[PDB]
Structures are given as structure tokens and as C-alpha cells.
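Peer 1: The structure is given below, and queries will be raised subsequently.
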Amino acid sequence: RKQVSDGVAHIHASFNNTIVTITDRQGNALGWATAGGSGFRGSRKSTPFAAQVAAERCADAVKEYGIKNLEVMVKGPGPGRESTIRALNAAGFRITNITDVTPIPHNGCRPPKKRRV
RNA sequence: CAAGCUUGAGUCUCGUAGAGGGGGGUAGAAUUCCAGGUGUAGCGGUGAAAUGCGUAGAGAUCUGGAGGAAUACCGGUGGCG
């Protein structure tokens with residue numbers, strides 16, 4: 001029901017999960033996939049493979065809007081930075097930018113206790 | 001006890017470095033919450049789970065606002081006390 005042309009892949013790479021979210025150039029979200037959505041719990045949720053499928057499962061969900069190009073913003077540490085920025089290429093978009101937008105405090109807020117494990 | 005001396009101890013002159021102390025302003029990043037827009041089924045968490053949050057629209061994403069605390073990089077068997 002629409003055109004957009006130019007979008008923005010926001011990949012959010014926690015340790016437990018990845019969320020890819022494709023959005024247009026001014027913030028408004030079109031589609032999203034998670035690792036947990038793609039049939040993966042627990043150990044397998046995390047992995048760089050189930051980051052991939054996340055990408056696809058999302059590049060599938062924006063045939064409708066008929067995107068050609070996107071920028072990739074990457075927010076976080078985890079596995080599926082490197083994998084997910086490759087599975088948006090090979091599922092048939094052009095990649096203009098790749099950004100790292102990971103929050104670093106300029107010493108700010110006290111984190112939680114060390115784990116004893 | 002008296003009289004000295006200048007090397008110990010001090011005073012003055014001029015400079016240099018410094019997270020030394022006390023009071024007053026101010027900057028940017030981040031977390032949390034609040035009010036919106038886009039959006040849809042999960043999120044979060046773990047060794048693996050559940051309790052927990054979510055179709056009363058969460059998480060993701062963008063805009064605006066509040067507030068408190070701490071000051072990335074510099075940063076160093078560097079420095080001051």
C-alpha cells in the first residue's frame with residue numbers, strides 16, 4: 001500500500017537476543033524480527049545463526065514497502081553484529097552506511113554487582 | 001655564665017609543576033521515569049528455567065519533557081597530600 005525507497009536497519013544486539021527493526025528515515029517502524037520469533041529459545045536464541053534468520057524474517061516483512069537501499073545502525077555488544085549485517089546484504093538490499101550507535105556513558109550510572117559463579 | 005661564628009634551623013626576592021583543601025557556577029554522554037508518533041507478538045532473564053513485563057499494544061524505533069547521581073577518552077609501578 002506504500003512506497004518508501006530508503007530505509008534504516010536498526011539491529012539491537014544484546015547477549016540473549018537480537019532484534020532487527022527496519023524503519024523509514026524519520027523513525028517510523030515498518031517491520032521487525034527477533035531471534036526468539038524465529039523458533040529459537042534459550043541457548044540458541046543467542047547464537048550468530050539465529051541472528052541471521054532474524055534479518056531475513058524482517059527483509060521478508062518489507063516486500064510490501066518496496067525498499068531498495070538502507071543504512072545499518074548497530075546497537076550493542078553481542079553475537080550478530082557481524083552476521084546480521086551480512087544477511088541483509090545477501091537478501092537483496094544495497095547498504096549505504098554502517099554505523100555503531102552503542103551507548104557509552106561518560107562515567108554515569110553504577111552497574112550491578114559482580115556475579116559469583 | 002659571658003662574648004662570638006655560619007655549615008643545622010629559619011625569613012625575603014623570582015619562577016615551575018601538581019586529582020592539595022574550601023565555596024560558587026557550568027558542559028556533554030548514559031540509566032530511569034512521564035507525555036506523545038510509527039509498529040506487532042513477544043520481551044526479559046539463565047547453565048537451563050521460572051517468578052516478572054506484554055494484544056488494556058510490551059520489547060524495538062523516533063520526537064519532546066522531568067529529575068538525580070557519576071564524570072568515558074586523556075590516565076600513566078603518572079602526580080599531589
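Each chain in the C-alpha cells gets a letter, A, B and so on, in the order shown; residues start at 1 in every chain, and ligands are counted from 1 in the order they appear.
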If you take only C-alpha atoms (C1' of nucleotides) and a cut-off of 7 Å, which residues of chain B touch chain A, and what are their nearest atom pairs and distances in Å to one decimal, in chain and number order, as CSV?
Peer 2:
residue,atom,partner,partner_atom,distance
B:29,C1',A:106,CA,5.0
B:30,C1',A:105,CA,4.2
B:31,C1',A:109,CA,6.1
B:38,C1',A:28,CA,3.8
B:39,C1',A:29,CA,5.4
B:60,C1',A:21,CA,6.3
B:61,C1',A:27,CA,5.6
B:62,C1',A:27,CA,4.1
B:70,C1',A:108,CA,4.5
B:71,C1',A:107,CA,5.3
B:72,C1',A:106,CA,3.8
Peer 1: Write to file, as a PDB file, in the first residue's frame, the residues of the selection just made, with N, CA, C and O atoms (P, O5', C5', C4', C3', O3' and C1' of nucleotides).
Peer 2:
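Just written: part.pdb:
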ATOM      1  P     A B  29      24.941  14.930  24.401  1.00  0.00           P
ATOM      2  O5'   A B  29      25.452  13.577  25.067  1.00  0.00           O
ATOM      3  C5'   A B  29      26.385  12.740  24.365  1.00  0.00           C
ATOM      4  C4'   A B  29      26.776  11.548  25.200  1.00  0.00           C
ATOM      5  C3'   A B  29      25.649  10.665  25.715  1.00  0.00           C
ATOM      6  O3'   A B  29      25.086   9.782  24.751  1.00  0.00           O
ATOM      7  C1'   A B  29      27.194  11.020  27.451  1.00  0.00           C
ATOM      8  P     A B  30      23.564   9.294  24.918  1.00  0.00           P
ATOM      9  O5'   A B  30      23.607   8.346  26.197  1.00  0.00           O
ATOM     10  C5'   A B  30      24.309   7.089  26.202  1.00  0.00           C
ATOM     11  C4'   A B  30      24.339   6.516  27.602  1.00  0.00           C
ATOM     12  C3'   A B  30      22.967   6.215  28.195  1.00  0.00           C
ATOM     13  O3'   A B  30      22.467   4.951  27.800  1.00  0.00           O
ATOM     14  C1'   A B  30      24.260   7.420  29.766  1.00  0.00           C
ATOM     15  P     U B  31      20.896   4.727  27.691  1.00  0.00           P
ATOM     16  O5'   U B  31      20.450   4.507  29.201  1.00  0.00           O
ATOM     17  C5'   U B  31      20.832   3.309  29.885  1.00  0.00           C
ATOM     18  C4'   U B  31      20.461   3.386  31.341  1.00  0.00           C
ATOM     19  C3'   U B  31      18.985   3.562  31.641  1.00  0.00           C
ATOM     20  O3'   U B  31      18.303   2.330  31.420  1.00  0.00           O
ATOM     21  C1'   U B  31      20.267   4.947  33.058  1.00  0.00           C
ATOM     22  P     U B  38       0.577   6.698  14.748  1.00  0.00           P
ATOM     23  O5'   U B  38       1.727   5.831  14.067  1.00  0.00           O
ATOM     24  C5'   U B  38       2.358   6.269  12.847  1.00  0.00           C
ATOM     25  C4'   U B  38       3.627   5.493  12.587  1.00  0.00           C
ATOM     26  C3'   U B  38       3.511   3.977  12.621  1.00  0.00           C
ATOM     27  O3'   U B  38       2.990   3.432  11.416  1.00  0.00           O
ATOM     28  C1'   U B  38       5.438   4.643  13.816  1.00  0.00           C
ATOM     29  P     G B  39       1.817   2.350  11.470  1.00  0.00           P
ATOM     30  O5'   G B  39       2.510   1.086  12.145  1.00  0.00           O
ATOM     31  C5'   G B  39       3.574   0.375  11.485  1.00  0.00           C
ATOM     32  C4'   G B  39       4.296  -0.519  12.466  1.00  0.00           C
ATOM     33  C3'   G B  39       3.451  -1.620  13.081  1.00  0.00           C
ATOM     34  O3'   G B  39       3.377  -2.674  12.126  1.00  0.00           O
ATOM     35  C1'   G B  39       4.681  -0.519  14.785  1.00  0.00           C
ATOM     36  P     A B  60      13.578  -1.540  24.198  1.00  0.00           P
ATOM     37  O5'   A B  60      13.679  -1.642  22.615  1.00  0.00           O
ATOM     38  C5'   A B  60      14.382  -2.719  21.972  1.00  0.00           C
ATOM     39  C4'   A B  60      14.184  -2.648  20.475  1.00  0.00           C
ATOM     40  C3'   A B  60      14.234  -1.254  19.854  1.00  0.00           C
ATOM     41  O3'   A B  60      15.586  -0.887  19.614  1.00  0.00           O
ATOM     42  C1'   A B  60      12.306  -2.359  19.090  1.00  0.00           C
ATOM     43  P     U B  61      16.069   0.610  19.862  1.00  0.00           P
ATOM     44  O5'   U B  61      15.206   1.430  18.812  1.00  0.00           O
ATOM     45  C5'   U B  61      15.358   1.234  17.397  1.00  0.00           C
ATOM     46  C4'   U B  61      14.426   2.158  16.659  1.00  0.00           C
ATOM     47  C3'   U B  61      14.467   3.607  17.113  1.00  0.00           C
ATOM     48  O3'   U B  61      15.582   4.265  16.529  1.00  0.00           O
ATOM     49  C1'   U B  61      12.216   2.900  16.908  1.00  0.00           C
ATOM     50  P     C B  62      16.176   5.574  17.215  1.00  0.00           P
ATOM     51  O5'   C B  62      15.031   6.654  16.979  1.00  0.00           O
ATOM     52  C5'   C B  62      14.970   7.397  15.753  1.00  0.00           C
ATOM     53  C4'   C B  62      13.751   8.286  15.725  1.00  0.00           C
ATOM     54  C3'   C B  62      13.743   9.455  16.691  1.00  0.00           C
ATOM     55  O3'   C B  62      14.576  10.521  16.256  1.00  0.00           O
ATOM     56  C1'   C B  62      11.614   8.429  16.675  1.00  0.00           C
ATOM     57  P     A B  70      27.642  11.795  43.371  1.00  0.00           P
ATOM     58  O5'   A B  70      28.427  11.233  42.105  1.00  0.00           O
ATOM     59  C5'   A B  70      28.803   9.844  42.053  1.00  0.00           C
ATOM     60  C4'   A B  70      29.248   9.434  40.665  1.00  0.00           C
ATOM     61  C3'   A B  70      30.400  10.222  40.046  1.00  0.00           C
ATOM     62  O3'   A B  70      31.668   9.800  40.543  1.00  0.00           O
ATOM     63  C1'   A B  70      28.690   9.961  38.447  1.00  0.00           C
ATOM     64  P     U B  71      33.015  10.575  40.125  1.00  0.00           P
ATOM     65  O5'   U B  71      33.208  10.170  38.601  1.00  0.00           O
ATOM     66  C5'   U B  71      34.159  10.868  37.787  1.00  0.00           C
ATOM     67  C4'   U B  71      33.771  10.745  36.339  1.00  0.00           C
ATOM     68  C3'   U B  71      34.659  11.519  35.381  1.00  0.00           C
ATOM     69  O3'   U B  71      34.706  10.825  34.144  1.00  0.00           O
ATOM     70  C1'   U B  71      32.483  12.417  35.318  1.00  0.00           C
ATOM     71  P     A B  72      36.107  10.405  33.541  1.00  0.00           P
ATOM     72  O5'   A B  72      35.716   9.429  32.350  1.00  0.00           O
ATOM     73  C5'   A B  72      35.673   8.018  32.562  1.00  0.00           C
ATOM     74  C4'   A B  72      35.241   7.322  31.299  1.00  0.00           C
ATOM     75  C3'   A B  72      36.315   7.145  30.233  1.00  0.00           C
ATOM     76  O3'   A B  72      37.223   6.079  30.521  1.00  0.00           O
ATOM     77  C1'   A B  72      34.305   7.890  29.228  1.00  0.00           C
TER      78        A B  72
END
Peer 1: Could you please write out, as number ranges by chain, every residue of region 15-110 of chain A that DSSP assigns to strand (DSSP E or B)?
Peer 2: A: 18-24, 29-34, 69-75, 94-100
Peer 1: Give me a file of those residues, with C-alpha atoms, as an mmCIF file, in the first residue's frame.
Peer 2:
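So the final result, stored in selection22.cif, reads:
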data_model
loop_
_atom_site.group_PDB
_atom_site.id
_atom_site.type_symbol
_atom_site.label_atom_id
_atom_site.label_comp_id
_atom_site.auth_asym_id
_atom_site.auth_seq_id
_atom_site.Cartn_x
_atom_site.Cartn_y
_atom_site.Cartn_z
ATOM 1 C CA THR A 18 18.834 -9.803 18.571
ATOM 2 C CA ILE A 19 16.066 -7.593 17.291
ATOM 3 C CA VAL A 20 16.327 -6.298 13.749
ATOM 4 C CA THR A 21 13.868 -3.451 13.054
ATOM 5 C CA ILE A 22 13.589 -1.836 9.599
ATOM 6 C CA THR A 23 12.321 1.733 9.781
ATOM 7 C CA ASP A 24 11.959 4.682 7.379
ATOM 8 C CA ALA A 29 8.928 1.411 12.075
ATOM 9 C CA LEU A 30 7.824 -0.754 9.158
ATOM 10 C CA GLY A 31 8.721 -4.285 10.291
ATOM 11 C CA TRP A 32 10.750 -6.225 12.856
ATOM 12 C CA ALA A 33 12.047 -9.712 13.588
ATOM 13 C CA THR A 34 13.637 -11.234 16.663
ATOM 14 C CA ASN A 69 18.588 0.933 -0.063
ATOM 15 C CA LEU A 70 19.159 1.060 3.692
ATOM 16 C CA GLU A 71 21.557 2.298 6.377
ATOM 17 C CA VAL A 72 22.558 -0.153 9.115
ATOM 18 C CA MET A 73 22.744 1.110 12.697
ATOM 19 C CA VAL A 74 24.151 -1.426 15.167
ATOM 20 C CA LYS A 75 23.449 -1.023 18.928
ATOM 21 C CA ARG A 94 22.069 -2.132 -1.044
ATOM 22 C CA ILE A 95 23.909 -0.945 2.097
ATOM 23 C CA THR A 96 24.854 2.760 2.107
ATOM 24 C CA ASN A 97 26.079 3.116 5.707
ATOM 25 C CA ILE A 98 27.119 1.002 8.625
ATOM 26 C CA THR A 99 27.020 2.785 11.997
ATOM 27 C CA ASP A 100 27.818 1.848 15.600
#
Peer 1: Report the distance between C1' of residue 52 (chain B) and CA of residue 76 (chain A) in Å, rounded to one decimal place.
Peer 2: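 So the two atoms, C1' of residue 52 (chain B) and CA of residue 76 (chain A), lie 23.6 Å apart.
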Peer 1: Could you write out, as a count of residues only, all the residues of chain A that DSSP marks as alpha helix (DSSP H)?
Peer 2: 22
Peer 1: Need to verify the contact set: residue 43 (chain B), 8 Å, only C-alpha atoms (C1' of nucleotides), exclusion of same-chain residues closer than 3 positions in sequence. Can you return it as a list in words?
Peer 2: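 After dropping sequence-adjacent residues, the list is residues 53, 54, 58 and 59 of chain B.
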Peer 1: Next, the residues of the selection above should be written as a PDB file, in the first residue's frame with C-alpha atoms (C1' of nucleotides).
Peer 2:
ATOM      1  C1'   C B  53       6.602  -7.199  31.876  1.00  0.00           C
ATOM      2  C1'   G B  54       3.235  -7.819  27.247  1.00  0.00           C
ATOM      3  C1'   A B  58       5.226  -4.631  25.611  1.00  0.00           C
ATOM      4  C1'   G B  59      10.122  -5.003  23.818  1.00  0.00           C
TER       5        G B  59
END
Peer 1: Which residue, A:101, A:117, A:91, A:14, has the smallest gap to residue 60 (chain A) when you use only C-alpha atoms?
Peer 2: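 For residue 60 (chain A), the nearest of the given residues is A:91.
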